[PDB]
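K.L.:
Handing you this structure, nothing more for now.
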Amino acid sequence: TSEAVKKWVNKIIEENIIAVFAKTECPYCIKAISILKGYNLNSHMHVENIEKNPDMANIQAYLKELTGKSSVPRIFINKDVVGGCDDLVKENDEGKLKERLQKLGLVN
């Protein structure tokens with residue numbers, strides 16, 4: 001159950017190069033996802049809405065164990081912690097996001 005939730009989160013992060021944990025009607029989730037889709041990352045992206053899930057609290061606690069925060073969006077790229085939307089904005093603006101994606105063969 002604790003194990004089940006951890007395995008499920010892990011599976012999301014490990015099966016998808018770009019993994020975003022999000023919730024319903026959240027501007028910073030929407031913004032982050034929109035930025036990532038701007039790199040045409042769709043084919044390698046998975047967005048999980050964790051608010052529509054009976055185990056929301058457990059998922060958030062685990063995301064905090066992994067990354068230091070329980071808030072959404074929580075963004076992983078090839079298993080590495082990017083963080084939230086503000087972290088993504090900083091990486092994108094400073095060229096770090098593009099470099100990440102280049103190394104993954106995702107942007108030419």
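Chain labels follow the order of the structure tokens: the first chain is A, the next B, and so on; residue numbering restarts at 1 in every chain, and ligands are counted from 1 in their shown order.
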Considering only strand (DSSP E) as DSSP defines it on the backbone, what residues of region 5-88 of chain A qualify? List them as a ChimeraX atom specification.
P.N.:
/A:18-22,45-49,74-77,80-83
K.L.:
Set the distance at 12 Å and use only C-alpha atoms: which residues neighbour residue 63 (chain A) once local chain neighbours fewer than 3 positions away are removed? I'd like the list as an mmCIF file with C-alpha atoms, in the first residue's frame.
P.N.:
data_model
loop_
_atom_site.group_PDB
_atom_site.id
_atom_site.type_symbol
_atom_site.label_atom_id
_atom_site.label_comp_id
_atom_site.auth_asym_id
_atom_site.auth_seq_id
_atom_site.Cartn_x
_atom_site.Cartn_y
_atom_site.Cartn_z
ATOM 1 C CA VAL A 5 1.889 3.792 -4.065
ATOM 2 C CA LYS A 6 5.680 4.045 -4.285
ATOM 3 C CA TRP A 8 3.093 3.216 -9.014
ATOM 4 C CA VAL A 9 4.844 6.591 -8.789
ATOM 5 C CA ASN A 10 8.165 4.999 -9.662
ATOM 6 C CA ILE A 12 5.249 6.677 -13.927
ATOM 7 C CA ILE A 13 8.732 8.268 -13.533
ATOM 8 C CA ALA A 19 6.861 12.792 -16.069
ATOM 9 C CA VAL A 20 4.563 15.451 -14.582
ATOM 10 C CA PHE A 21 2.444 15.029 -11.505
ATOM 11 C CA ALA A 22 -0.352 17.570 -11.585
ATOM 12 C CA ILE A 50 -3.018 13.000 -8.675
ATOM 13 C CA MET A 56 -3.442 11.802 -3.300
ATOM 14 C CA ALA A 57 -1.927 12.432 0.132
ATOM 15 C CA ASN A 58 0.318 9.376 -0.120
ATOM 16 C CA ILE A 59 1.466 10.317 -3.613
ATOM 17 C CA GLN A 60 2.283 13.847 -2.448
ATOM 18 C CA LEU A 66 11.852 12.267 -3.715
ATOM 19 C CA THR A 67 12.138 15.994 -4.338
ATOM 20 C CA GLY A 68 11.740 17.952 -1.112
ATOM 21 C CA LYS A 69 8.279 19.332 -1.934
ATOM 22 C CA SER A 70 4.719 17.928 -1.876
ATOM 23 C CA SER A 71 3.311 20.585 -4.226
ATOM 24 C CA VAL A 72 2.283 20.138 -7.864
ATOM 25 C CA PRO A 73 3.389 20.321 -10.573
ATOM 26 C CA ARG A 74 6.235 17.927 -9.733
ATOM 27 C CA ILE A 75 8.424 17.387 -12.801
ATOM 28 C CA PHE A 76 10.948 14.653 -13.569
ATOM 29 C CA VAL A 81 14.242 16.063 -10.424
ATOM 30 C CA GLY A 83 10.979 20.458 -9.632
ATOM 31 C CA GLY A 84 8.005 22.745 -10.028
#
K.L.:
Which polymer residues have any atom within 9 Å of an atom of residue 78 (chain A), counting only C-alpha atoms, with same-chain residues fewer than 5 positions away left out, as a PyMOL selection string?
P.N.:
chain A and resi 13-14+16-19+104
K.L.:
Between A:45, A:89, A:26, A:107, which is the closest to residue 77 (chain A) once you count only C-alpha atoms?
P.N.:
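Using only C-alpha atoms, the shortest distance to residue 77 (chain A) belongs to A:45.
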K.L.:
Taking only chain A into account, list the residues labelled helix (DSSP H, G or I) by DSSP (computed from the backbone), as an NGL selection string.
P.N.:
:A and (2-15 or 27-38 or 42-44 or 56-67 or 85-93 or 96-103)
K.L.:
Rank nothing, just name the residue among A:106, A:88, A:97, A:33 nearest to residue 49 (chain A), using only C-alpha atoms.
P.N.:
A:33
K.L.:
Residues at most 10 Å from residue 35 (chain A), counting only C-alpha atoms, excluding those fewer than 3 positions away in the same chain, as a PDB file with C-alpha atoms, in the first residue's frame?
P.N.:
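Listing of part_4.pdb after writing:
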ATOM      1  CA  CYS A  29       0.550  22.811 -13.817  1.00  0.00           C
ATOM      2  CA  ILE A  30      -1.095  24.080 -16.996  1.00  0.00           C
ATOM      3  CA  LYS A  31       1.775  26.490 -17.640  1.00  0.00           C
ATOM      4  CA  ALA A  32       4.495  23.847 -17.039  1.00  0.00           C
ATOM      5  CA  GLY A  38       6.199  23.575 -26.744  1.00  0.00           C
ATOM      6  CA  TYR A  39       9.328  21.417 -27.150  1.00  0.00           C
ATOM      7  CA  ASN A  40       7.128  18.845 -28.907  1.00  0.00           C
ATOM      8  CA  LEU A  41       7.710  16.397 -26.056  1.00  0.00           C
ATOM      9  CA  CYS A  85       6.913  25.205 -12.671  1.00  0.00           C
ATOM     10  CA  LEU A  88      11.191  24.740 -15.173  1.00  0.00           C
ATOM     11  CA  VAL A  89      10.931  28.426 -16.061  1.00  0.00           C
ATOM     12  CA  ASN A  92      14.141  27.079 -19.761  1.00  0.00           C
TER      13      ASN A  92
END
K.L.:
When distances are computed from only C-alpha atoms, which of A:103, A:46, A:52, A:96 shows the smallest separation from residue 11 (chain A)?
P.N.:
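Closest to residue 11 (chain A), using only C-alpha atoms: A:46.
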K.L.:
Taking only C-alpha atoms into account, which of A:54, A:100, A:95, A:42 comes nearest residue 82 (chain A)?
P.N.:
A:100
K.L.:
Could you jot down the CA of residue 64 (chain A) to CA of residue 51 (chain A) separation for me, Å, one decimal place?
P.N.:
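We find that CA of residue 64 (chain A) and CA of residue 51 (chain A) lie 15.4 Å from each other.
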